[PDB]
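Novice: Following this line is run33.cif, made up of mmCIF, N, CA, C and O atoms:
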```cif
data_model
loop_
_atom_site.label_atom_id
_atom_site.label_comp_id
_atom_site.auth_asym_id
_atom_site.auth_seq_id
_atom_site.Cartn_x
_atom_site.Cartn_y
_atom_site.Cartn_z
N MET A 1 7.54 0.03 -32.17
CA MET A 1 7.84 1.32 -31.50
C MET A 1 7.89 1.23 -29.98
O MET A 1 6.97 0.73 -29.33
N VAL A 2 8.97 1.74 -29.42
CA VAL A 2 9.16 1.77 -27.98
C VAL A 2 9.66 3.18 -27.70
O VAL A 2 10.11 3.87 -28.61
N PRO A 3 9.59 3.62 -26.44
CA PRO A 3 10.05 4.98 -26.11
C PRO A 3 11.48 5.31 -26.56
O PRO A 3 12.34 4.43 -26.60
N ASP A 4 11.72 6.57 -26.91
CA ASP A 4 13.08 7.03 -27.22
C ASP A 4 13.46 7.54 -25.83
O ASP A 4 13.08 8.64 -25.44
N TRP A 5 14.20 6.73 -25.07
CA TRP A 5 14.55 7.11 -23.70
C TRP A 5 15.37 8.39 -23.59
O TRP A 5 15.36 9.05 -22.55
N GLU A 6 16.09 8.77 -24.65
CA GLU A 6 16.86 10.00 -24.59
C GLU A 6 15.87 11.15 -24.44
O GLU A 6 16.08 12.06 -23.65
N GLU A 7 14.78 11.10 -25.19
CA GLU A 7 13.75 12.14 -25.11
C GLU A 7 13.05 12.11 -23.76
O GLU A 7 12.81 13.16 -23.14
N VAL A 8 12.71 10.91 -23.30
CA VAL A 8 11.99 10.76 -22.04
C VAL A 8 12.83 11.25 -20.87
O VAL A 8 12.34 11.97 -20.00
N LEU A 9 14.10 10.89 -20.86
CA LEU A 9 14.97 11.32 -19.78
C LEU A 9 15.21 12.83 -19.89
O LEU A 9 15.53 13.49 -18.90
N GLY A 10 15.02 13.36 -21.09
CA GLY A 10 15.17 14.79 -21.31
C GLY A 10 14.05 15.51 -20.56
O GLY A 10 14.29 16.52 -19.90
N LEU A 11 12.84 14.99 -20.67
CA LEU A 11 11.70 15.57 -19.97
C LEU A 11 11.94 15.47 -18.47
O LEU A 11 11.70 16.42 -17.72
N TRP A 12 12.42 14.30 -18.04
CA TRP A 12 12.70 14.05 -16.62
C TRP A 12 13.74 15.04 -16.08
O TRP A 12 13.58 15.58 -14.98
N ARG A 13 14.80 15.26 -16.85
CA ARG A 13 15.86 16.19 -16.45
C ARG A 13 15.34 17.61 -16.36
O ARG A 13 15.82 18.42 -15.55
N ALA A 14 14.35 17.93 -17.19
CA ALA A 14 13.75 19.25 -17.18
C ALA A 14 12.63 19.36 -16.13
O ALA A 14 11.93 20.38 -16.06
N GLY A 15 12.46 18.31 -15.33
CA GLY A 15 11.44 18.32 -14.28
C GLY A 15 9.99 18.20 -14.74
O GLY A 15 9.06 18.56 -14.00
N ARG A 16 9.79 17.70 -15.95
CA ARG A 16 8.46 17.52 -16.49
C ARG A 16 7.96 16.11 -16.21
O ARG A 16 7.73 15.31 -17.12
N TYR A 17 7.81 15.81 -14.92
CA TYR A 17 7.38 14.49 -14.47
C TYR A 17 6.02 14.04 -14.97
O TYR A 17 5.84 12.89 -15.35
N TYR A 18 5.05 14.95 -14.97
CA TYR A 18 3.72 14.58 -15.42
C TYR A 18 3.76 14.30 -16.93
O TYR A 18 3.06 13.42 -17.43
N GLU A 19 4.61 15.02 -17.66
CA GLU A 19 4.73 14.81 -19.09
C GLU A 19 5.33 13.41 -19.35
O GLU A 19 4.92 12.73 -20.30
N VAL A 20 6.28 12.98 -18.53
CA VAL A 20 6.87 11.66 -18.69
C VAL A 20 5.75 10.63 -18.58
O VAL A 20 5.66 9.69 -19.37
N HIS A 21 4.88 10.84 -17.60
CA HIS A 21 3.76 9.95 -17.37
C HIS A 21 2.84 9.87 -18.60
O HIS A 21 2.48 8.78 -19.07
N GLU A 22 2.47 11.03 -19.13
CA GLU A 22 1.60 11.11 -20.30
C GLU A 22 2.22 10.51 -21.56
O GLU A 22 1.54 9.84 -22.34
N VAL A 23 3.52 10.74 -21.77
CA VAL A 23 4.20 10.22 -22.95
C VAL A 23 4.34 8.69 -22.94
O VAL A 23 4.29 8.06 -24.00
N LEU A 24 4.48 8.11 -21.76
CA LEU A 24 4.64 6.66 -21.65
C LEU A 24 3.34 5.86 -21.62
O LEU A 24 3.35 4.65 -21.86
N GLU A 25 2.22 6.51 -21.33
CA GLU A 25 0.95 5.80 -21.29
C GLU A 25 0.62 4.96 -22.53
O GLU A 25 0.23 3.80 -22.39
N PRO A 26 0.77 5.53 -23.75
CA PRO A 26 0.47 4.78 -24.98
C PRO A 26 1.31 3.52 -25.13
O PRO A 26 0.84 2.52 -25.66
N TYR A 27 2.56 3.59 -24.68
CA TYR A 27 3.47 2.44 -24.76
C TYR A 27 3.06 1.36 -23.77
O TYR A 27 3.04 0.17 -24.10
N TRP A 28 2.71 1.78 -22.56
CA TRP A 28 2.28 0.85 -21.52
C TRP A 28 1.01 0.13 -21.97
O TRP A 28 0.83 -1.07 -21.73
N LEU A 29 0.12 0.87 -22.63
CA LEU A 29 -1.14 0.28 -23.09
C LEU A 29 -0.97 -0.85 -24.09
O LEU A 29 -1.79 -1.76 -24.15
N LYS A 30 0.09 -0.78 -24.89
CA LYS A 30 0.36 -1.79 -25.91
C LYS A 30 1.34 -2.86 -25.45
O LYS A 30 1.52 -3.88 -26.11
N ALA A 31 1.98 -2.61 -24.30
CA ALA A 31 2.99 -3.53 -23.77
C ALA A 31 2.49 -4.76 -23.04
O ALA A 31 1.34 -4.84 -22.61
N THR A 32 3.39 -5.73 -22.91
CA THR A 32 3.08 -6.95 -22.19
C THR A 32 4.24 -7.37 -21.32
O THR A 32 5.36 -6.86 -21.46
N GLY A 33 3.95 -8.27 -20.38
CA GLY A 33 4.96 -8.82 -19.48
C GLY A 33 5.95 -7.87 -18.85
O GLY A 33 5.57 -6.88 -18.22
N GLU A 34 7.24 -8.18 -19.01
CA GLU A 34 8.32 -7.38 -18.44
C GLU A 34 8.35 -5.94 -18.91
O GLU A 34 8.63 -5.03 -18.13
N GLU A 35 8.11 -5.75 -20.20
CA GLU A 35 8.07 -4.41 -20.79
C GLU A 35 6.95 -3.58 -20.17
O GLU A 35 7.15 -2.40 -19.86
N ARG A 36 5.78 -4.18 -19.99
CA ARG A 36 4.65 -3.46 -19.41
C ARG A 36 4.98 -3.10 -17.96
O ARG A 36 4.68 -2.00 -17.50
N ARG A 37 5.63 -4.01 -17.25
CA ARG A 37 5.99 -3.74 -15.86
C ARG A 37 6.98 -2.57 -15.80
O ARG A 37 6.84 -1.66 -14.98
N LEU A 38 7.98 -2.61 -16.67
CA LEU A 38 8.96 -1.55 -16.70
C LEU A 38 8.30 -0.20 -16.96
O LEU A 38 8.57 0.77 -16.26
N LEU A 39 7.44 -0.13 -17.97
CA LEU A 39 6.78 1.14 -18.30
C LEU A 39 5.94 1.67 -17.14
O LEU A 39 6.00 2.86 -16.81
N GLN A 40 5.17 0.79 -16.49
CA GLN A 40 4.37 1.24 -15.37
C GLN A 40 5.24 1.67 -14.19
O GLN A 40 4.89 2.59 -13.47
N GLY A 41 6.38 1.01 -14.01
CA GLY A 41 7.29 1.37 -12.93
C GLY A 41 7.85 2.77 -13.13
O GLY A 41 7.88 3.57 -12.20
N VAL A 42 8.29 3.07 -14.34
CA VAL A 42 8.83 4.39 -14.65
C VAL A 42 7.71 5.44 -14.50
O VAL A 42 7.93 6.54 -13.98
N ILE A 43 6.51 5.09 -14.96
CA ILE A 43 5.37 5.99 -14.84
C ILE A 43 5.11 6.31 -13.36
O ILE A 43 4.86 7.46 -13.00
N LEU A 44 5.17 5.29 -12.50
CA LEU A 44 4.91 5.48 -11.07
C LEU A 44 6.01 6.28 -10.37
O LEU A 44 5.74 6.99 -9.39
N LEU A 45 7.25 6.18 -10.85
CA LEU A 45 8.34 6.97 -10.27
C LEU A 45 8.09 8.43 -10.65
O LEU A 45 8.23 9.34 -9.82
N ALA A 46 7.74 8.66 -11.92
CA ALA A 46 7.46 10.03 -12.36
C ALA A 46 6.29 10.58 -11.53
O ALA A 46 6.33 11.72 -11.05
N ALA A 47 5.25 9.76 -11.37
CA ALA A 47 4.07 10.16 -10.61
C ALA A 47 4.41 10.52 -9.17
O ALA A 47 3.84 11.46 -8.60
N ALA A 48 5.33 9.77 -8.57
CA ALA A 48 5.75 10.03 -7.19
C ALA A 48 6.38 11.41 -7.08
O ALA A 48 6.05 12.18 -6.17
N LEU A 49 7.28 11.73 -8.00
CA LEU A 49 7.93 13.03 -7.95
C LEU A 49 6.97 14.18 -8.22
O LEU A 49 7.11 15.26 -7.63
N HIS A 50 6.00 13.94 -9.10
CA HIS A 50 5.00 14.96 -9.42
C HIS A 50 4.17 15.23 -8.15
O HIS A 50 3.91 16.38 -7.80
N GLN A 51 3.75 14.16 -7.47
CA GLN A 51 2.96 14.33 -6.25
C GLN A 51 3.73 15.13 -5.22
O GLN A 51 3.17 16.00 -4.57
N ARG A 52 5.02 14.84 -5.07
CA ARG A 52 5.81 15.55 -4.08
C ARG A 52 6.00 17.02 -4.41
O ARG A 52 6.11 17.86 -3.52
N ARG A 53 5.99 17.35 -5.70
CA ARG A 53 6.11 18.74 -6.11
C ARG A 53 4.88 19.52 -5.67
O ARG A 53 4.92 20.75 -5.48
N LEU A 54 3.76 18.81 -5.52
CA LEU A 54 2.52 19.43 -5.09
C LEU A 54 2.37 19.35 -3.57
O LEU A 54 1.32 19.71 -3.03
N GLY A 55 3.42 18.90 -2.89
CA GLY A 55 3.39 18.77 -1.44
C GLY A 55 2.53 17.60 -0.98
O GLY A 55 1.99 17.60 0.13
N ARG A 56 2.41 16.59 -1.84
CA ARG A 56 1.60 15.41 -1.55
C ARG A 56 2.51 14.18 -1.47
O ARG A 56 3.60 14.17 -2.02
N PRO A 57 2.06 13.12 -0.76
CA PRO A 57 2.83 11.88 -0.59
C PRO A 57 3.26 11.19 -1.88
O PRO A 57 2.46 11.03 -2.80
N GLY A 58 4.52 10.76 -1.91
CA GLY A 58 5.05 10.05 -3.06
C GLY A 58 5.48 8.62 -2.78
O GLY A 58 5.71 7.84 -3.71
N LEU A 59 5.58 8.25 -1.51
CA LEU A 59 6.02 6.90 -1.16
C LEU A 59 5.10 5.78 -1.60
O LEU A 59 5.58 4.68 -1.86
N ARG A 60 3.80 6.03 -1.68
CA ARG A 60 2.88 4.98 -2.13
C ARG A 60 3.22 4.63 -3.59
O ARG A 60 3.30 3.46 -3.96
N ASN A 61 3.42 5.67 -4.40
CA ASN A 61 3.80 5.48 -5.80
C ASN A 61 5.18 4.80 -5.90
O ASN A 61 5.36 3.90 -6.71
N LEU A 62 6.14 5.23 -5.08
CA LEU A 62 7.47 4.60 -5.12
C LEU A 62 7.36 3.11 -4.79
O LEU A 62 7.97 2.27 -5.46
N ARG A 63 6.56 2.78 -3.77
CA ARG A 63 6.35 1.39 -3.37
C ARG A 63 5.76 0.57 -4.52
O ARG A 63 6.20 -0.56 -4.80
N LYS A 64 4.75 1.12 -5.19
CA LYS A 64 4.13 0.41 -6.32
C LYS A 64 5.14 0.24 -7.46
O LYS A 64 5.18 -0.80 -8.12
N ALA A 65 5.94 1.28 -7.69
CA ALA A 65 6.95 1.20 -8.74
C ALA A 65 7.96 0.09 -8.43
O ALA A 65 8.34 -0.69 -9.30
N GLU A 66 8.40 0.03 -7.17
CA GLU A 66 9.36 -1.00 -6.78
C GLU A 66 8.78 -2.39 -6.98
O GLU A 66 9.47 -3.30 -7.43
N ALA A 67 7.49 -2.54 -6.68
CA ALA A 67 6.82 -3.82 -6.84
C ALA A 67 6.84 -4.27 -8.30
O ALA A 67 7.01 -5.45 -8.61
N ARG A 68 6.68 -3.32 -9.21
CA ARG A 68 6.68 -3.63 -10.63
C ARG A 68 8.08 -3.89 -11.18
O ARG A 68 8.26 -4.75 -12.06
N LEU A 69 9.07 -3.15 -10.69
CA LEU A 69 10.44 -3.26 -11.20
C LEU A 69 11.22 -4.43 -10.61
O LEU A 69 12.20 -4.90 -11.19
N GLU A 70 10.77 -4.89 -9.46
CA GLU A 70 11.42 -5.99 -8.77
C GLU A 70 11.59 -7.23 -9.64
O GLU A 70 10.61 -7.77 -10.14
N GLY A 71 12.83 -7.67 -9.80
CA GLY A 71 13.10 -8.87 -10.57
C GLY A 71 13.27 -8.70 -12.06
O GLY A 71 13.54 -9.68 -12.77
N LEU A 72 13.12 -7.48 -12.56
CA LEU A 72 13.29 -7.26 -13.99
C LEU A 72 14.77 -7.22 -14.35
O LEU A 72 15.62 -6.88 -13.51
N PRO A 73 15.12 -7.60 -15.58
CA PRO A 73 16.54 -7.54 -15.93
C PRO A 73 16.85 -6.06 -16.15
O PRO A 73 15.93 -5.26 -16.36
N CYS A 74 18.12 -5.68 -16.07
CA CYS A 74 18.52 -4.28 -16.29
C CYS A 74 19.82 -4.26 -17.08
O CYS A 74 20.77 -4.96 -16.74
N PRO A 75 19.89 -3.46 -18.16
CA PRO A 75 18.78 -2.62 -18.61
C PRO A 75 17.67 -3.41 -19.28
O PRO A 75 17.78 -4.63 -19.49
N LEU A 76 16.58 -2.72 -19.59
CA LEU A 76 15.44 -3.32 -20.26
C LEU A 76 14.86 -2.22 -21.15
O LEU A 76 14.73 -1.07 -20.73
N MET A 77 14.55 -2.59 -22.39
CA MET A 77 14.00 -1.65 -23.37
C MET A 77 14.97 -0.52 -23.67
O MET A 77 14.56 0.53 -24.16
N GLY A 78 16.25 -0.73 -23.37
CA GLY A 78 17.26 0.28 -23.62
C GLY A 78 17.39 1.30 -22.49
O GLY A 78 18.04 2.34 -22.66
N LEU A 79 16.79 1.00 -21.35
CA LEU A 79 16.81 1.88 -20.19
C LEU A 79 17.49 1.30 -18.94
O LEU A 79 17.21 0.17 -18.54
N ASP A 80 18.38 2.07 -18.33
CA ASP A 80 19.03 1.64 -17.09
C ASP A 80 18.08 2.11 -15.98
O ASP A 80 18.30 3.15 -15.35
N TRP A 81 17.02 1.34 -15.73
CA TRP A 81 16.04 1.73 -14.73
C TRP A 81 16.55 1.72 -13.29
O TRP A 81 16.01 2.43 -12.44
N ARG A 82 17.57 0.91 -13.01
CA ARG A 82 18.14 0.89 -11.65
C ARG A 82 18.62 2.29 -11.28
O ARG A 82 18.45 2.73 -10.15
N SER A 83 19.23 2.98 -12.24
CA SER A 83 19.73 4.34 -12.00
C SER A 83 18.58 5.32 -11.78
O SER A 83 18.64 6.18 -10.89
N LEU A 84 17.54 5.19 -12.60
CA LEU A 84 16.38 6.06 -12.49
C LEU A 84 15.68 5.86 -11.15
O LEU A 84 15.25 6.81 -10.51
N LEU A 85 15.55 4.61 -10.73
CA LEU A 85 14.92 4.29 -9.45
C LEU A 85 15.79 4.85 -8.32
O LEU A 85 15.27 5.37 -7.33
N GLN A 86 17.11 4.74 -8.47
CA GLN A 86 18.04 5.27 -7.47
C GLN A 86 17.84 6.77 -7.33
O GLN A 86 17.78 7.29 -6.21
N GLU A 87 17.72 7.47 -8.46
CA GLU A 87 17.52 8.91 -8.42
C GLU A 87 16.19 9.27 -7.77
O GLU A 87 16.13 10.15 -6.90
N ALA A 88 15.12 8.59 -8.18
CA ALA A 88 13.80 8.85 -7.60
C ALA A 88 13.84 8.66 -6.08
O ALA A 88 13.32 9.50 -5.33
N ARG A 89 14.44 7.56 -5.64
CA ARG A 89 14.54 7.29 -4.21
C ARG A 89 15.24 8.43 -3.49
O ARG A 89 14.78 8.90 -2.45
N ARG A 90 16.36 8.89 -4.03
CA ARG A 90 17.08 9.98 -3.39
C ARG A 90 16.25 11.26 -3.35
O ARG A 90 16.19 11.92 -2.30
N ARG A 91 15.59 11.59 -4.45
CA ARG A 91 14.76 12.79 -4.48
C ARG A 91 13.60 12.72 -3.49
O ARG A 91 13.14 13.75 -2.99
N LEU A 92 13.12 11.51 -3.21
CA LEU A 92 12.01 11.33 -2.29
C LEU A 92 12.47 11.16 -0.85
O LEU A 92 11.65 11.15 0.07
N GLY A 93 13.78 11.04 -0.66
CA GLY A 93 14.32 10.85 0.68
C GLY A 93 14.05 9.44 1.15
O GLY A 93 14.05 9.16 2.35
N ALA A 94 13.84 8.54 0.19
CA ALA A 94 13.55 7.14 0.48
C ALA A 94 14.79 6.25 0.46
O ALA A 94 15.24 5.85 1.56
#
```
For the file at hand, write its structure as structure tokens.
Specialist:
Amino acid sequence: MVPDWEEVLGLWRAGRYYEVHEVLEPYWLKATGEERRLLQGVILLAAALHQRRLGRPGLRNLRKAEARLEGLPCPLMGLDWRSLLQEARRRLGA
């Protein structure tokens, strides 16, 4: 079992960033290597946007996400993460 990205991106599109974080935690906990890095990276991008919605800094989370996603193949786990990272960056003004 791996995330159904259609559902996850659905939450993201609906602005439920914290929910994306909560839904991916169980997968990250069971994951290893590249897959674990990808899951944590997506979690950190969601976390960054959630923080900014509260008027709090999101760049620290974006930086950590980039560190995890750096060097991963794309797509991975059926997700085009380069696009998601691109969107997060734009939303953060990064």
Novice: What is the distance, in Å and to one decimal place, between atom CA of residue 77 of chain A and atom CA of residue 2 of chain A?
Specialist: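 Distance reported for this atom pair: 7.5 Å.
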Novice: Extract, using only N, CA, C and O atoms, all DNA, RNA and protein residues at most 8 Å from segment 53-63 of chain A, discarding same-chain residues fewer than 3 positions from it, and format them as a list in words.
Specialist: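 Surrounding residues, per the criterion: residues 40, 41, 43, 44, 45, 46, 47, 48, 49, 50, 66, 67, 68, 69, 70, 88, 89, 92 and 94 of chain A.
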Novice: Between A:6, A:65, A:1, A:25, which one has atoms that come closest to residue 38 of chain A, using only C-alpha atoms?
Specialist: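 Result for the nearest residue to residue 38 of chain A: A:65.
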Novice: Expressed in Å to a single decimal, how great is the separation between atom C of residue 33 of chain A and atom C of residue 52 of chain A?
Specialist: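 These atoms are spaced 28.8 Å apart.
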Novice: Quick one: distance from atom CA of residue 30 of chain A to atom O of residue 51 of chain A in Å, one decimal?
Specialist: 27.9 Å
Novice: Please give the complete set of residues from chain A that DSSP, run on the backbone, assigns to helix (DSSP H, G or I), formatted as a PyMOL selection string.
Specialist: chain A and resi 5-13+17-30+33-53+59-69+81-92
Novice: Of the residues A:34, A:42, A:8, A:91, which is the one nearest to residue 73 of chain A, using all atoms listed in the file?
Specialist: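 Checking each of A:34, A:42, A:8, A:91 against residue 73 of chain A, counting all atoms listed in the file, the winner is A:34.
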Novice: Compare A:10, A:3, A:93, A:75 by their minimum atom-to-atom distance to residue 31 of chain A, counting only C-alpha atoms, and give me the closest one.
Specialist: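 Looking at the shortest contact to residue 31 of chain A, the residue is A:3.
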Novice: Of the candidates A:35, A:87, A:7, A:80, which shows the shortest atom-to-atom distance to residue 20 of chain A, using all atoms listed in the file?
Specialist: A:7
Novice: Show me that you can extract segment 23-56 of chain A, keeping C-alpha atoms, and write it as a compact mmCIF listing (two decimals), in the first residue's frame.
Specialist:
```txt
# COMPACT_ATOMS: atom_id res chain seq x y z
CA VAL A 23 -2.70 11.19 5.75
CA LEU A 24 0.91 10.64 4.64
CA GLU A 25 2.40 10.03 8.09
CA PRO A 26 1.48 6.28 8.20
CA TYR A 27 3.11 5.76 4.79
CA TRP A 28 6.28 7.61 5.76
CA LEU A 29 6.51 5.50 8.93
CA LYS A 30 6.62 2.27 6.91
CA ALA A 31 8.76 3.64 4.08
CA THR A 32 12.45 3.36 3.36
CA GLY A 33 15.11 5.06 1.25
CA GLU A 34 13.89 7.12 -1.70
CA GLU A 35 10.22 6.50 -0.95
CA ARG A 36 10.64 7.67 2.65
CA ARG A 37 12.45 10.79 1.44
CA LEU A 38 9.70 11.55 -1.06
CA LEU A 39 6.95 11.16 1.56
CA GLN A 40 8.71 13.40 4.06
CA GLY A 41 9.38 15.98 1.34
CA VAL A 42 5.69 16.17 0.38
CA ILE A 43 4.79 16.30 4.08
CA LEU A 44 7.19 19.25 4.58
CA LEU A 45 5.79 21.14 1.58
CA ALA A 46 2.27 20.69 2.97
CA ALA A 47 3.56 21.80 6.39
CA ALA A 48 5.14 24.92 4.86
CA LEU A 49 1.86 26.02 3.31
CA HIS A 50 -0.06 25.28 6.52
CA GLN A 51 2.38 27.43 8.51
CA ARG A 52 2.00 30.29 6.07
CA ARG A 53 -1.79 30.12 6.34
CA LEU A 54 -1.30 30.84 10.04
CA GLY A 55 0.96 33.79 9.21
CA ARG A 56 4.04 31.82 10.26
```
